[PDB]
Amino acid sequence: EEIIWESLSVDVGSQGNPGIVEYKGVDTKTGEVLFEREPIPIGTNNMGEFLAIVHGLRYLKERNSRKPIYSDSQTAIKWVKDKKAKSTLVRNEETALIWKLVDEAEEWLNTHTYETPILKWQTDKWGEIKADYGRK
């Protein structure tokens, strides 16, 4: 209904899908960029959205912050809830890095706790999430 302004917003950006993937997290209220991942040569939109949420969880936990996380990705929200990224991307030498990061993010979820609410950013009502890359 209403935006929770005291939150972290995350989003993926890419060049192609599959293609070069990056992600970032921003303060929803101010747009300040709080973290940005260096581009990964091949990944999917959904793998990047998943990594962005998990990085957000780790970032907030390290800082003892109870803020929620907004994501626009129905898929990634579910994958984090399930602790399992059900990507179709081929596992081969070209995709080794993205898959290593996804495997490591799942591993973190299976070995740590968090209370962070993971909320759907309601793009249809609110416009683009504040972490968006402005590329579409």
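In case it trips you up, residue 1 is the first one in the sequence shown, and so on.
Remark: stretch with higher mean C-alpha B factor among 75-83 and 88-96 is 88-96.
Comparing 46-54 with 107-115, the stretch with the higher mean C-alpha B-factor in the PDB entry is 107-115.
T30: CA B factor in the highest third of modelled residues in this chain (values from the PDB entry). Sorting the modelled residues of the chain by their CA temperature factor places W126 in the highest third.
Compared with the other modelled residues of the chain, the Cα B-factor recorded for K61 ranks in the middle third. For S14, the recorded CA temperature factor ranks within the middle third of the chain's modelled residues.
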